[PDB]
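Here are the chains, one letter per residue:
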Amino acid sequence: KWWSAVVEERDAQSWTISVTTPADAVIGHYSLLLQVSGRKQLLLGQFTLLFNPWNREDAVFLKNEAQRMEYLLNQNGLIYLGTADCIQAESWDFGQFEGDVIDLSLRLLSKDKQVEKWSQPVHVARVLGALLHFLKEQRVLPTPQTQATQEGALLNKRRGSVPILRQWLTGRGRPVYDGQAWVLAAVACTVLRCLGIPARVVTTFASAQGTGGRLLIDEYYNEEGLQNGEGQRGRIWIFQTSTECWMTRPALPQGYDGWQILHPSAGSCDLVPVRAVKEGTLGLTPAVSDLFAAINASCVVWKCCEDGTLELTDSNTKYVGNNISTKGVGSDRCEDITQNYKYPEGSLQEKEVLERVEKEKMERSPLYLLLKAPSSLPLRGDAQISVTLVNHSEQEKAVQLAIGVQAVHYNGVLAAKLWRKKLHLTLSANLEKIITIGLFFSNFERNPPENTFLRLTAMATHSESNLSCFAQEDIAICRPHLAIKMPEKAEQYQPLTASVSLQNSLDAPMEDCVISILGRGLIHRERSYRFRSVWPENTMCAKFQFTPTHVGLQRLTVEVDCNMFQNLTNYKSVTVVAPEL
Amino acid sequence: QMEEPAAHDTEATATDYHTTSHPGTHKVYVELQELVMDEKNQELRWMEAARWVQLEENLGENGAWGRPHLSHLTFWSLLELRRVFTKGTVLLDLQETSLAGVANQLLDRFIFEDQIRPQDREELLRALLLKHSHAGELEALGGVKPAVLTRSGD
Amino acid sequence: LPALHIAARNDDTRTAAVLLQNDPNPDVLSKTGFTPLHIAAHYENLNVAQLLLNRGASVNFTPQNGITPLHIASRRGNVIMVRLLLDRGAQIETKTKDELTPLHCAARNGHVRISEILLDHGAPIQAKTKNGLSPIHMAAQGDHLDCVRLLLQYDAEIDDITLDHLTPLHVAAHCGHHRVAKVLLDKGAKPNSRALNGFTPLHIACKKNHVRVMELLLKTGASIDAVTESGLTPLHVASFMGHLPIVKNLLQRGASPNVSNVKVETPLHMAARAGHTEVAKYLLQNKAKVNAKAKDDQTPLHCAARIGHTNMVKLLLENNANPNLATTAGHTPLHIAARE
């Protein structure tokens, strides 16, 4: 159990000494010294000691093997973006097993000066979360307000996690703008996979990041159907990334081992077990209440007017914290672990927990509409939407209907006003009425930014009564598909031919078509190729040749840039086997 | 025909590959080898010619090393070295463990910058993977002579 | 031998090595009856698994339970154990006491990769346990989404039933999972499919108070009007269970409180059998005729009198149902009020 060494095998000029380690020891750069009774103590070398989820008696221990191989030994991950209605994967490279990651991580850790509390993963995780959130608040620059499309090909391309770590510690590379501030979780996961703590990166769509401790969110909307002014203390983001780490909690009461969410606060961080979020125990850790408020809280909507008087409006209820997803194990598909965060809505158990948490917090329409909109909208294209209206009154009524479309960043920040339309209708005889209207991109007023999502709002004002009905939907923008053709198995030290196909679905000819291939263990760094003009009717088809070198499971990525769009990424996996003897 | 594209160099993404780890200081030991062919069978092979531990020490035809001495060059050597290094190909921080992978990546990088024609890749890959003898085998070989490669491989 | 399994639990290689060097017994039963290989499959210790499989460890060695070691290995989810046990030889198509296939236990826990490997190795996708549930039905129970996608992609007959005719939409609406409901809707399903009771999935959603499933089903186009084999409507089920927001949504989206069952009963009659007050106010707010006759022409005051509930009456008296009204037998609300 304690530090030990046995001399197992003996030769006249050699000894084979087997050093053994205790289960609870401080990690870091060690040094071995040999001291005979006579001579001065002699330096023998250096090594490093890390955590092992393979040992049974250590705290951070994983029983299943494939979970270990996916969560600890893997390097080629996925991060899910987009709206909850259509989820788009993006290939990402953690690269935790590079050369410099371990020494950089230990140098970041060593600014704590509390040495003996490094034997435990809780203290290390909390400290590293706090430091990485502080560094993100330090080195992230706001977006340039001026429009630079010619440099938009360089502002928003990401290569992995390690260049961002280097640029955050030393500041000798490209900065990361506010358009992509969600990298932080992945970075933290990188650090934990370096140190021995299993971790993964989850995405919560429609999360309530903002102020916490209150189960209600206010939103203000214009008479025309937009949002007057900018910002709010608590708003509903389109998505939000977070980090989960697997460990055991000895300091807590018994029954909380497993997954924990790492939560930094605006600096002291802390981590909370997921079962605490499901059961709802607020008083176990000061951070549980805000995280539980972050998942299931409801919003109310206010109507601003010309007089300045705010009005409540009756709208359809929207859900918060749905479609929790992450990378599946041993494959390249998504899996939802959302059953670990909430009960099914409308059960006795969820009603019980809601009533209990509300009791604990207590101590501290004649017409309506509804909207059908598609989940995805093509670039340089069009779609159809429909609004129905049902009245319940024997008398006829006049109504004014407004429709607004506008792009929004991923953190609720307004970007540009795009479209609005106002019309008058007369409903009669208590009959429903459906209005179908097209939406063409050519009818828009401005070009959308690089990473935005459109918010479509509809507001029906009754002419007689000032109480009005409201609905909103979110739509992500879809880009043309990028076909990769490549065989499943390849032989080592052999040529391999990949094919890439692209169809110009867009109405404009592409110019300055520049594509690039890269991949870890397949091609050395990065390759670039140029092309001719691609007309809107025709397609493009290209072919590349390389040769795999490292046996096992790899994947390659392709990336396309042009004048219409930038950073269109895709990936494909391959299994390479050792050659036959 | 499937139309193959042309190359294009852009250094916008180079700074994402600059490591920060200090490599340190290390001494060097240089070994030079060149293509030859032995007399008993018309088989090309790489043979060492000199070493640079402290001074240049050359290997004679009898197989015995001579005296160390200072290193003097010729002007054409330095001129052609500057000319060919001005348009040379570099590969920094390659992640390999065997010579075949280094050869394949170097050949692919050669093809990328249009140094050689694609139909010559097979011949160079066959050339760079022959066996590398040492000083002990020369008297077993009976002597070696310069051997330039040919397209047919003879 | 009660310690051979302890050596299996701790992966003690040398101890078991001596124990099989001396003793010739490769498999003994505990008091439960599980072999050392069964307990080796649990804690995933595979060096001893190799040692056992080198000699006599029958992969198809079923006790009276019939639980193969492959069943437990697929249960806890160990991948390499599945590959090892299948490489040394395994009969995939076996039965437990409850006739559970390895695919059944794989689908229930949620391990998607074991299902991929097993269906690659020729396990029959369509199957029927003692009841007759397919693996897709059981995986649809435990809210395993990507397993549903995988079973659909390789091979699946979607509109499969069992002894109680249950589409996977039925179990999805009974267990409250809208996520698999989306996939089953857009890939292929029929909302019109009815169970042995004659129930739509909308009826089950009205019973068990899931709302998002109801919204997805009605956005698909499951009909509002529907007749159970008893004679009920989803409005009647929502009224009898006491769920207010389901009533709100269903009455907003277009419904008629004036509907008759096989015994002529409004949802006011169907409500005053239990006395949910707010649903009664909400149904009365819209157009429903409180002056009504039941099968024996009982007024809703007659059905309300057996409850003994006080303030439910005054809301009904707000729409002035007369106490003059009486049933066919001549009984009046005073008569039943004095009877009860």
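How each quantity is defined
- Each chain carries its own residue count, beginning from 1 and running in the order its sequence is written; this scheme need not agree with the entry numbering, and residues with no coordinates do not appear.
- Each chain is given a letter, starting from A, and each ligand a number, starting from 1, according to the order in which they appear as written.
- Values throughout apply to the visible chains only, these chains being members of a larger assembly.
- Side-chain calculation: all heavy atoms of the structure are included, whereas hydrogens and water are not.
- Residues with missing side-chain atoms are left out of burial classes, side-chain pairs and their counts.
- UniProt positions are given in the numbering used here, feature names are shortened, and annotations may be inferred rather than shown by experiment.
- Pairs of residues are marked as contacts when any of their non-hydrogen atoms sit within 4.5 Å.
- We define buried area as the total accessible area lost by two parts upon association, computed with a 1.4 Å probe and summed across both.
- A pair is scored as a salt bridge if a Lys or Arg side-chain nitrogen falls within 4 Å of a carboxyl oxygen belonging to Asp or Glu.
- Whenever a helix is involved, its axis is fitted only over the stretch in contact; in every case the axis is a line through C-alpha atoms, and angles between N-to-C directions fall within 0 to 180 degrees.
- Only runs of H or I of at least four residues qualify as helices and only runs of E of at least two qualify as strands under DSSP, and these elements are numbered from the N terminus.
- Put simply, angles under 35 degrees are roughly parallel, angles over 145 are roughly antiparallel, angles from 65 to 115 are roughly perpendicular, and the rest are oblique.
- Each helix crossing is assigned a hand: it is left-handed if the near helix lies turned anticlockwise from the far helix by less than a right angle, otherwise right-handed if that turn is clockwise.
- Residues are grouped as follows: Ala, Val, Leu, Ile, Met, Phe, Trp, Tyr, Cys and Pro are nonpolar; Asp, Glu, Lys and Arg are charged; all remaining types, including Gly, are polar.
- A pair of strands is treated as paired once DSSP finds two or more bridges between them.
- Residues enter patches when they are more than 30% accessible in relative terms and free of salt bridges; like-charged ones are connected within 9 Å and nonpolar ones (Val, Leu, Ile, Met, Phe, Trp, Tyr) within 5 Å.
- In these tables, accessible area is a Shrake-Rupley quantity obtained with a 1.4 Å probe, and a residue counts as shielded only by the protein chains included in the view.
- For the charge count, each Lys or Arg is scored as positive and each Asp or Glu as negative, with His and the chain ends excluded.
- Note on charges: their place is set at NZ of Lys, CZ of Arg, CG of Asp or CD of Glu.
- Between buried and exposed lies partly exposed: a residue is buried under 20% and exposed over 50% of the maximum accessible area for its type, with that area taken using a 1.4 Å probe on protein chains only.
- Two N or O atoms count as a polar contact when they lie within 3.5 Å, although within protein this holds only if one can serve as hydrogen donor and the other as acceptor, and sequence-adjacent residues are included solely when both atoms are side-chain atoms.
- By nonpolar core we mean a set of buried residues, namely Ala, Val, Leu, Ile, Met, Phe, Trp, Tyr and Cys, connected to one another through side-chain atoms within 4.5 Å.
- What fixes the domain bounds is an automatic or database domain assignment.
- A pocket, in this scheme, is an open set of points on a 1 Å grid over the protein atoms alone with protein on both sides within 12 Å along at least 5 of 7 lines, while a cavity is a set where a 1.4 Å probe fits but cannot get out; residues line either one if an atom lies within 4 Å of a point.
- Grid points are joined across faces, edges and corners, and a volume is the space filled by probe spheres set on the points.

Looking up chain C in the PDB entry gives the name Ankyrin-1, with the organism given as Homo sapiens.

As annotated in the PDB entry, chain A is Protein 4.2 from Homo sapiens. Recorded in UniProt under Subunit (literature references left out), the annotation for chain A is "Component of the ankyrin-1 complex in the erythrocyte, composed of ANK1, RHCE, RHAG, SLC4A1, EPB42, GYPA, GYPB and AQP1. Interacts with SLC4A1 (via the cytoplasmic domain); this interaction is mediated by the SLC4A1 Band 3-I dimer. Interacts with ANK1 (via ANK 1-13 repeats). Interacts with AQP1 (via the C-terminal)."

Undergrad: Looking at this structure, I do not really get the interface of chain C and chain A. What am I missing?
TA: Think of interface size as the accessible area that goes away when the parts come together; that is how it is often given. Each partner contributes to the interface: chain C provides 28 residues, whereas chain A provides 22 residues. Approximately 2,200 Å² of surface area, both sides summed, lies buried where chain C meets chain A, with 44% of it carried by carbon and sulfur atoms. Together, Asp146, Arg179 and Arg212 of chain C form the three largest contributors to the area buried by chain C at its contact with chain A, with a combined 24%. Taken together, the connections running from chain C to chain A amount to 0 salt bridges.

Undergrad: Before we go on, may I ask you to explain the packing of helix 10 (residues 145-154) of chain C against helix 12 (residues 178-187) of chain C in this structure?
TA: Residues and elements named next belong to chain C. Following both chains from N to C, one finds helix 10 and helix 12 inclined at 20 degrees, their axes separated by 9 Å at the closest point. The orientation of helix 10 with respect to helix 12, classified from their angle, is roughly parallel. Where helix 10 crosses over helix 12, the handedness of that crossing is right-handed. Facing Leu145, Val148, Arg149 and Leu152 of helix 10, the residues of helix 12 in contact are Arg179, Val180, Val183, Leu184 and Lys187. Classifying every residue of the contact of helix 10 with helix 12 by side-chain character gives 6 nonpolar, no polar and 3 charged.

Undergrad: For this particular structure, what's the right way to read the sheet that holds strand 19 (residues 382-391) of chain A?
TA: The pairing of strands in a sheet comes from backbone hydrogen bonds and takes either a parallel or an antiparallel form. Residue and element names in this part refer to chain A. Sheet architecture is open: 3 strands sit in the order 17-19-22, paired in antiparallel fashion. Bordering the open sheet on either side are strand 17 (367-372) and strand 22 (433-440), each of which pairs with just one other strand. Strand-to-strand twist of the sheet, defined as the mean angle between neighbouring strand axes without regard to direction, takes the value 20 degrees.

Undergrad: Explain a negative patch on the surface here, please?
TA: Residue and element names in this part refer to chain B. Together, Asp9, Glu11, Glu113 and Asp114 line one region of the surface with negative charge. Structurally, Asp114 is set in the loop between helix 2 (99-112) and helix 3 (121-127). For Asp114, a relative accessible area of 63% puts it in the exposed group.

Undergrad: Sorry, what's going on with the interface of chain A and chain B here?
TA: Chain A puts 30 residues into the contact, and the matching count from chain B is 31 residues. Taking both partners together, chain A and chain B bury about 3,000 Å²; carbon and sulfur atoms supply 50% of that area. Counting the contacts that link chain A with chain B gives 4 salt bridges. Residue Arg174 of chain A is joined to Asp16 of chain B by a salt bridge in which the shortest nitrogen-to-oxygen separation is 2.3 Å. At the surface where chain A touches chain B, the tally comes to 12 residue pairs in polar contact.

Undergrad: Just to check I follow, could you spell out the pattern of salt bridges for this structure?
TA: Side-chain pairing between opposite charges can occur once the charged atoms of the two side chains come close. Taken as a whole and assessed by the stated rule, the structure comprises 30 salt bridges over all chains. With a shortest N-O distance of 2.4 Å, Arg166 of chain A and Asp100 of chain A are connected by a salt bridge. In this pair, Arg166 of chain A is assigned in helix 5 (residues 162-169) and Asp100 of chain A in the loop between strand 6 (88-93) and helix 2 (101-109), connecting sequence segments 66 residues apart. Exposure class is identical for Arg166 of chain A and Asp100 of chain A. Each is buried. One salt bridge connects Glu122 of chain B with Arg126 of chain B, and the closest N-O pair in it is separated by 3.1 Å. Taken together, the residues span about one helical turn, with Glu122 of chain B and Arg126 of chain B both in helix 3 at a distance of 4 residues. Through salt bridges with shared partners, a single network forms among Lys157, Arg159, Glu526 and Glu559 of chain A.

Undergrad: Quick question: what am I supposed to make of the nonpolar core here?
TA: As a rule of thumb, nonpolar side chains are buried together in soluble globular proteins. Residues and elements named next belong to chain A. Core analysis: the largest hydrophobic core is formed by 50 residues, its most contacted members being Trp92, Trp182, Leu195 and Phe239. Only strand 5 (76-81), helix 2, helix 3 (121-139), helix 5, helix 6 (183-195), strand 7 (199-205), strand 9 (239-247) and strand 11 (269-273) provide two or more residues apiece to this core. In terms of residue count, the dominant contributor to this core is helix 6 (8 residues). Of the residues that make up this core, three or more belong to each of domain 1 (65-364) and domain 2 (367-478). Not counting chain neighbours up to four residues away, the residues in contact with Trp92 comprise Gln75, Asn76, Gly77, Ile79, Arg158, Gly160, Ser161, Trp182, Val183, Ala186 and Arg555. Judged by nonpolar contacts, the second largest core, of 28 residues, contains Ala490, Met510, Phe544 and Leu556.

Undergrad: Sorry, what's going on with the packing of helix 5 (residues 69-76) of chain C against helix 7 (residues 102-109) of chain C here?
TA: To characterise two packed helices, one gives the angle between the axes of the helices and the distance between these axes. Residues and elements named next belong to chain C. Interaxial distance between helix 5 and helix 7 falls to 8 Å at its minimum, and their mutual angle equals 15 degrees. Taken as axis vectors, helix 5 and helix 7 run roughly parallel relative to one another. As helix 5 packs across helix 7, the resulting crossing turns out to be right-handed. Of the residues in helix 7, those touching helix 5 at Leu70, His71, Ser74, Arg75 and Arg76 are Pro102, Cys105, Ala106, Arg108 and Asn109. Looking at the contact of helix 5 with helix 7, its residues break down into 4 nonpolar, 3 polar and 3 charged.

Undergrad: Explain the domain arrangement of chain A to me, please; I cannot follow it from the model alone.
TA: Residues and elements named next belong to chain A. By domain assignment, chain A separates into domain 1 (65-364), domain 2 (367-478) and domain 3 (482-577). Here the C-alpha centroids of domain 1 and domain 2 sit 31 Å apart. Here domain 1 packs against domain 2, burying approximately 3,000 Å² in sum over the two surfaces, 50% of which is carbon and sulfur. Our enumeration of links across domain 1 and domain 2 arrives at 1 salt bridge. We note a salt bridge from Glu224 to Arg420, for which the minimum N-O separation is 3.5 Å. For the side of domain 1 that touches domain 2, the secondary-structure elements that each account for two or more residues are strand 8 (216-221), strand 12 (298-303), strand 13 (311-312) and strand 14 (314-315). Residue classes in the side of domain 1 that touches domain 2 are distributed as 10 nonpolar, 12 polar and 11 charged.

Undergrad: What am I meant to see in the side chain of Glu559 of chain A here?
TA: Residues and elements named next belong to chain A. Of note, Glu559 is situated in strand 31 (residues 552-561). Here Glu559 falls in the buried class, since its relative accessible area comes to 5%. Looking at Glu559, its side chain comes within polar contact range of the side chain of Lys157, at 3.4 Å. A polar side-chain atom of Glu559 sits 3.1 Å from a polar atom in the side chain of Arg159. In contact with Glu559, other than residues within four places in its own chain, are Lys157, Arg159, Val514, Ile515, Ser516, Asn567 and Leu568.

Undergrad: In this structure, what is going on with the pairing of strand 2 (residues 31-38) of chain B? I would like to understand it.
TA: Each regular strand shows side chains that alternate between the opposite faces of the sheet. All names here are of chain B. Sheet topology places strand 2 next to strand 3 (residues 44-51); 7 bridges connect them, and they run antiparallel. Along strand 3, the bridge assignment pairs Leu35 with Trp46. Hairpin geometry of strand 2 and strand 3 is characterised by an intervening segment of 5 residues between the two adjacent antiparallel strands.

Undergrad: How should I be thinking about the environment of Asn323 of chain A in this particular structure?
TA: Within the secondary structure, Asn323 of chain A sits in strand 15 (residues 322-327). Between the C-alpha atoms of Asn323 of chain A and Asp336 of chain A, which are 13 residues apart in sequence, the distance is 6.8 Å. The contact partners of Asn323 of chain A, leaving out residues within four places of it in the chain, are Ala84, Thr203 and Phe205 of chain A together with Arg179 of chain C. A polar contact of 3.5 Å, which involves the side chain of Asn323 of chain A, links it to the backbone oxygen of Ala84 of chain A.

Undergrad: Help me out: how do you make sense of empty space enclosed by the protein in this one?
TA: One way to see where empty space is left: roll a probe the size of a water molecule over the atoms. Residue and element names in this part refer to chain C. Taken as a whole, the largest cavity spans an internal volume of roughly 250 Å³. Listing elements by their share of the lining of the largest cavity, those giving two or more residues are helix 17 (267-271), helix 18 (277-285), helix 19 (300-305) and helix 20 (311-318). Across the lining of the largest cavity, the residue classes break down as 12 nonpolar, 3 polar and 1 charged.

Undergrad: Teacher, can you tell me more about unusual backbone geometry here?
TA: Of all residues except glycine, most have a negative phi; of all peptide bonds, most are trans. The phi torsion at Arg380 of chain A lies on the positive side, around 55 degrees, for a residue other than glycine. Structurally, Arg380 of chain A is set in the loop between strand 18 (376-378) and strand 19. Assessed through its relative accessible area of 32%, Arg380 of chain A is described here as partly exposed. For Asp93 of chain B, which is not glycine, the phi dihedral falls at a positive 60 degrees.

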